[PDB]
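>>> Whatever this is, show me its structure:
(chains A, B, C, D, E, F, G and H, ligands or ions: 37)
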Amino acid sequence: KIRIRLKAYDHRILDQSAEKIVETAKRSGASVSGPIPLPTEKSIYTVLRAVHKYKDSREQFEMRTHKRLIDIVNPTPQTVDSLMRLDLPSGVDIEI
Amino acid sequence: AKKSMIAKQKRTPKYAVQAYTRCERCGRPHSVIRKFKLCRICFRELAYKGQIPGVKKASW
Amino acid sequence: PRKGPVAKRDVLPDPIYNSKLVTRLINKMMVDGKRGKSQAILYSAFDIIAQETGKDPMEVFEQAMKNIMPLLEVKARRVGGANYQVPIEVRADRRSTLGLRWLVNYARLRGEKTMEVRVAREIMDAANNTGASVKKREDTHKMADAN
Amino acid sequence: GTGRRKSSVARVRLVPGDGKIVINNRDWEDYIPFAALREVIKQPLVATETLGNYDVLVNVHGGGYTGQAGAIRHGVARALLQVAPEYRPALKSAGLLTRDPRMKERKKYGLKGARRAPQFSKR
Amino acid sequence: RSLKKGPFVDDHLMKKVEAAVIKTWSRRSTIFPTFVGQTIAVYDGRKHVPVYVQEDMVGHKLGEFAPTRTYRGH
Amino acid sequence: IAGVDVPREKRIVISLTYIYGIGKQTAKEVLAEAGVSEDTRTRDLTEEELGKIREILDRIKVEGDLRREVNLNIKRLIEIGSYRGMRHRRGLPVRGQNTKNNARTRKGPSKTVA
RNA sequence: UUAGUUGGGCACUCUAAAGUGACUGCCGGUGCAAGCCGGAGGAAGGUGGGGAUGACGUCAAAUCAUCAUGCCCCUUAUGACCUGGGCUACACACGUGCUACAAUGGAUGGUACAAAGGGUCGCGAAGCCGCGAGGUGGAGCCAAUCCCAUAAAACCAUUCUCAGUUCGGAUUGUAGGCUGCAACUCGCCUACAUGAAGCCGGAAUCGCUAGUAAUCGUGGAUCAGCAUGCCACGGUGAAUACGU
RNA sequence: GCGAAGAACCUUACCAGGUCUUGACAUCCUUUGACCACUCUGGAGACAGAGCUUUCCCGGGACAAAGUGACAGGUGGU
Ligand SMILES: [Mg+2]
Ligand SMILES: [Mg+2]
Ligand SMILES: [Mg+2]
Ligand SMILES: [Mg+2]
Ligand SMILES: [Mg+2]
Ligand SMILES: [Mg+2]
Ligand SMILES: [Mg+2]
Ligand SMILES: [Mg+2]
Ligand SMILES: [Mg+2]
Ligand SMILES: [Mg+2]
Ligand SMILES: [Mg+2]
Ligand SMILES: [Mg+2]
Ligand SMILES: [Mg+2]
Ligand SMILES: [Mg+2]
Ligand SMILES: [Mg+2]
Ligand SMILES: [Mg+2]
Ligand SMILES: [Mg+2]
Ligand SMILES: [Mg+2]
Ligand SMILES: [Mg+2]
Ligand SMILES: [Mg+2]
Ligand SMILES: [Mg+2]
Ligand SMILES: [Mg+2]
Ligand SMILES: [Mg+2]
Ligand SMILES: [Mg+2]
Ligand SMILES: [Mg+2]
Ligand SMILES: [Mg+2]
Ligand SMILES: [Mg+2]
Ligand SMILES: [Mg+2]
Ligand SMILES: [Mg+2]
Ligand SMILES: [Mg+2]
Ligand SMILES: [Mg+2]
Ligand SMILES: [Mg+2]
Ligand SMILES: [Mg+2]
Ligand SMILES: [Mg+2]
Ligand SMILES: [Mg+2]
Ligand SMILES: [Mg+2]
Ligand SMILES: [Zn+2]
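Numbering: from 1, shown residues only, chains lettered A, B, ... in the order given. Ligands and ions are numbered 1, 2, ... in the order given. Pasting the structure now:
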């Protein structure tokens, strides 16, 4: 009955990492609430190009935050022991 | 009269209102984005090289 | 367009008395996206034009067709390093486009209080071969008659 | 059935019945005042002769009042066709299974609107 | 303060006027009902324009009377 | 009729605005205190009611009396020596409204090009 | 159950990772071929719509006031500290916007449908005091959950009946609210009062080829506070292209 | 409706008045040690004068005060 939330900038790194713990969850327990998507945050920063005048030229950068959460349905003693023993790629967000 | 004033930005004034924000690499007064503390020209010049994570060019 | 011709659309048969001379003059009516304001008016004008005239609203609305459709549009032809008035024969484009423009462009001349009857009076007024919209058509052919 | 247009979506369940075209847990004439725009919704049921044979249930989210009218029309036109494949040979010609692809347009920097621009003066 | 829960003089103009020409330096310190009959000198960006606080001009910000831009015709 | 030539063909609430001091929110109440319905035509106002209005309208201020206070207060500023008075006499906006351009409600018409 | 509220289920939607789909592919005319004119099928047809991406180089084009730098000048002042002030001054001329000159409208009441974003020392609900801007109160939230946040144009009834007006709202007086040590020069907003030009704009000139122009609202960055501007998001939705 | 993605103060580069000199701000050194923060008077504050005062850590170590200079310091010019 836990809940883990994944918040990484690149969808490849997190969705691969979530595909690991979701596998370790099956070994620890059959009852697993697998990875599931949530809407992704986007933000935009419209910084201006020229060092001086010419107000009509800018350049827009963005910064997403892909999200995914994993939970537990009817966990066992293995869940508490076998969860914290993993290190994920630097960028993946862990919060149980 | 420029490098004098960065000390004015840094030191705690006698009224919260006096206190403003300036870029944390080149002390440019205007256009400082608070999530980064960088001015407009610092912010772009690092984004290309790639010091700021997550940020990337946005076609859409 | 500097490359050939193009063909237009102006086609969406209306709900009541389905036609495209009634979804047109209902699109040359609105201002700044006011389809709803015009559509009710363009059906209330039929309501008064179907009572005070008696005949079918559609036939009465199309009765003013041959009385507003232009026949000769004086063209501005470039001759001798200037522009003159060379009359020509208008096509179907400038017939219905001009023709339905003549009414609404002359909706300040019915002199009523509301556009519900003002558009209803003008259609009947031209349907009587009178009024200004038909006179405007006769006025255009007059300047085309000189050349 | 399922039909989109602009930012509005309408999901349609169609079952045989009297013909009351209910919409979003309310009567349709309550939910749409100007009945004259609501007659086109019968085009997916007048082009094929099934006008008052099924009771139309609808669910509505988003867009504007005219915004659903294009989506509910399509949203049923993909269900009456699924009832019997005989309906496709005419519902796929009038322009009903097609999905209107026009949508609003991004606003590009340096321009007041999407395609507009500042006012221009030479000297 | 335009709010009815306040009425402030600078810090000292009231103190110097309390005992007591007067030259209160800056500005901004609207003449309360305890200073009629004690001329002050409110500075003006240059020089000290002399104004005599009467009973009529009570409540107004001290600065108002001394103008700042010299415009003697076009 | 009352004080001045209030419009005849208008309503009660609309026409009673025709004084310098009786407007819309004040009129909607001074017509209410009299008790006459706001839709009552002014040309048919009750003689049992036109005597009632003068009771209320005697309480609040009116054209010829109050308007002296508008000039009295706007003349005290000039003599007091206040900066607001200067901009009254000269013809410039009293508030912080900028006089560099586009401020002509006070400075008469657009003067001749000079 | 007053409410998607509750059990319960991921059916439909929708969110988001991996895939399919459109290429002149097929048919007719034409062409030698490239291609061009039309038809089926398909959600979509001729680079479907739109972004990002800007070759060789031109203007001794802009910036020594973002940062850096060649050389020069000041170096008890052309450096440094504060308080006040100017950056908002006005007899005028020009550029870009906002609001109107009314009946496709105003006033009054009812009432319906969004998209995209922001929130921790931050968003701040309900009730309570208020015409009032607001104040007290502290629920829920490190958020597809709670909050900012009731969107307005539309629509339905009554009134107004073509007047510088039941349009318009500048200008000014009084009386007030917010932040901030402080709103006089010089902030934003509210009530009452006041109520000005304007009755569709001369020669000339500007933008846009479709969800476009026009028009009505919302969010963010900067930000103790202050935007008719800027960057984004949606709702209603047109007119014409013979031709160079 | 241009740099300015916020000119009441601050930002501010400008003016007047009032004040400082190795300097408000860095690196080389020495004598002190962790230096500050706090209250009272005057002033417009910038700053002066009084007091408790800052109890360092492991000969060395970070940070600071005070003493003359090398220097700093220029949003000064092209
Ligand atoms: Mg570019
Ligand atoms: Mg500030
Ligand atoms: Mg099919
Ligand atoms: Mg363009
Ligand atoms: Mg002048
Ligand atoms: Mg101002
Ligand atoms: Mg002018
Ligand atoms: Mg499934
Ligand atoms: Mg084809
Ligand atoms: Mg394309
Ligand atoms: Mg493109
Ligand atoms: Mg581009
Ligand atoms: Mg060259
Ligand atoms: Mg060059
Ligand atoms: Mg040049
Ligand atoms: Mg310079
Ligand atoms: Mg550099
Ligand atoms: Mg650098
Ligand atoms: Mg300026
Ligand atoms: Mg200004
Ligand atoms: Mg102009
Ligand atoms: Mg109109
Ligand atoms: Mg209005
Ligand atoms: Mg959203
Ligand atoms: Mg509104
Ligand atoms: Mg409106
Ligand atoms: Mg009005
Ligand atoms: Mg006035
Ligand atoms: Mg006035
Ligand atoms: Mg008047
Ligand atoms: Mg008025
Ligand atoms: Mg006036
Ligand atoms: Mg084009
Ligand atoms: Mg942001
Ligand atoms: Mg501006
Ligand atoms: Mg400028
Ligand atoms: Zn910088």
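>>> Let me see the ranges of the helices in chain B.
In chain B, the helices defined using DSSP state H lie at B:3-10, B:40-49.
>>> looking at these, which is closest to RNA strand G?
Closest to RNA strand G of these is helix B:3-10 (CB to the nearest atom of the strand; 3.3 Å). From N, CA and C alone the C-beta is placed, and that goes for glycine too.
>>> which SSE is residue E:35 in?
If you go by DSSP states H and E, residue E:35 is not part of any helix or strand.
>>> From what I see, it and residue E:15 are in contact.
No: Residue E:35 is not in contact with residue E:15 according to CB atoms under 8 Å; the separation is 11.7 Å.
>>> Nearest to residue A:81, out of the helices of chain B?
helix B:40-49 (42.8 Å; CB to CB).
>>> CA atoms only: put that closest one into PDB for me.
Output of helix B:40-49 as PDB, limited to C-alpha atoms (Å, rounded to 0.1, in the frame of the first residue of the first chain):
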ATOM      1  CA  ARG B  40      18.300  37.300 -20.500                       C
ATOM      2  CA  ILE B  41      21.800  37.200 -22.100                       C
ATOM      3  CA  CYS B  42      23.400  34.900 -19.600                       C
ATOM      4  CA  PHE B  43      20.500  32.500 -19.600                       C
ATOM      5  CA  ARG B  44      20.500  32.000 -23.400                       C
ATOM      6  CA  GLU B  45      24.300  31.700 -23.600                       C
ATOM      7  CA  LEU B  46      24.400  28.800 -21.100                       C
ATOM      8  CA  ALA B  47      21.300  27.000 -22.600                       C
ATOM      9  CA  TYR B  48      23.100  26.600 -25.900                       C
ATOM     10  CA  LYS B  49      26.200  25.100 -24.300                       C
END
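>>> Any residue of it touching chain D?
No: shown here: helix B:40-49 not in contact with chain D (CB under 8 Å from any CB of the partner chain), separated by at least 14.1 Å.
>>> Okay, buried residues for that helix please.
Going by neighbour count (16 or more other CB atoms under 10 Å in any protein chain shown), the buried part of helix B:40-49 is B:40, B:41, B:42, B:43, B:44, B:47.
>>> what's it packed up against?
Under the contact definition 3 or more CB pairs under 8 Å, 6 or more residues apart in numbering or on different chains; DSSP states H and E, helix B:40-49 sits against strand A:44-48, strand A:58-62.
>>> Residue F:107: which of those is closest?
strand A:44-48 (38.8 Å).
>>> counting contacts, what elements does the closest one pack onto?
strand A:58-62, helix B:40-49.
>>> Just the buried residues of stretch A:74-83, please?
So, applying 16+ other CB under 10 Å, buried residues of stretch A:74-83: A:75, A:79, A:82, A:83.
>>> and the last one, how far is that from residue A:29?
Here the distance between residue A:83 and residue A:29 works out to 11 Å (CB to CB, to the nearest Å).
>>> go on, the second one?
In this structure, residue A:79 lies at 6 Å from residue A:29, with CB to CB as the measure.
>>> who touches both of those two?
Both residue A:79 and residue A:29 are in contact with residue A:72, where contact means CB atoms under 8 Å, 6 or more residues apart in numbering or on different chains.
>>> longest helix anywhere in chain D?
Under DSSP H, chain D gives helix D:65-83 as its longest helix.
>>> next structured bit after that one?
Counting by DSSP H and E, what follows helix D:65-83 is helix D:88-91.
>>> Could you list the buried residues of the strand or helix carrying residue A:21?
Residue A:21 belongs to helix A:11-28 when assigned by DSSP H and E. Neighbour-count burial for helix A:11-28, counted by 16+ other CB under 10 Å, picks out A:13, A:14, A:17, A:18, A:21, A:24, A:25, A:28.
>>> go on, stretch C:31-48?
C:38, C:39, C:41, C:42, C:43, C:44, C:45, C:46, C:48.
>>> what about the host helix or strand of the second one, near chain D?
Using DSSP H and E, residue C:39 sits in helix C:35-49. Yes: part of helix C:35-49 sits close enough to chain D to count as contact by CB under 8 Å from any CB, namely C:35, C:36, C:39, C:40, C:43.
>>> ok, residues contacting that helix?
Residues outside helix C:35-49 that contact it (CB under 8 Å, 6+ apart): C:16-17, C:22, C:25-27, C:29-30, C:57-58, C:60-61, C:115-117, C:119-120, C:123-124, D:34, D:36, D:66.
>>> now do 6 Å
C:26, C:29, C:30, C:57, C:60, C:115, C:116, C:117, C:119, C:120, C:123, C:124 (CB atoms under 6 Å, 6 or more residues apart in numbering or on different chains).
>>> Same check on stretch F:33-49?
Under the criterion CB under 6 Å, 6+ apart, residues F:8, F:9, F:10, F:12, F:13, F:15, F:31, F:52, F:53, F:56 lie in contact with stretch F:33-49.
>>> need the helices for chain F, in chain order.
F:12-15, F:27-33, F:47-57, F:63-80, F:83-90.
>>> I'd like the secondary structure assignment at residue C:104, please.
Assigned state for residue C:104: helix (three-state reduction, DSSP: H, G, I helix; E, B strand; the rest coil).
>>> Tally up the residues packed near it, please.
Per other CB atoms under 10 Å in any protein chain shown, the neighbour tally for residue C:104 reads 16.
>>> picking up where we left off before, and the residues of helix C:35-49 next to chain D, which is closest to ligand 37?
Nearest to ligand 37 among the residues of helix C:35-49 next to chain D is residue C:35, at 51.7 Å by CB to the ion.
>>> Would you mind checking the contacts of stretch F:33-49 for buried ones?
For the contacts of stretch F:33-49, buried by 16+ other CB under 10 Å: F:12, F:13, F:15, F:31, F:53.
>>> what's the distance between the last one and residue D:82?
Looking back up the chat, that one is residue F:53. Look at residue F:53 and residue D:82: by CB to CB, they are 73 Å apart.
>>> One more: residue E:52?
Taken as CB to CB, the span from residue E:52 to residue D:82 is 94 Å.
>>> Taking the contacts of stretch F:33-49, tell me the two that lie furthest apart.
Spatial extent of the contacts of stretch F:33-49 (CB to CB) is set by the pair F:9 and F:56 at 23.2 Å.
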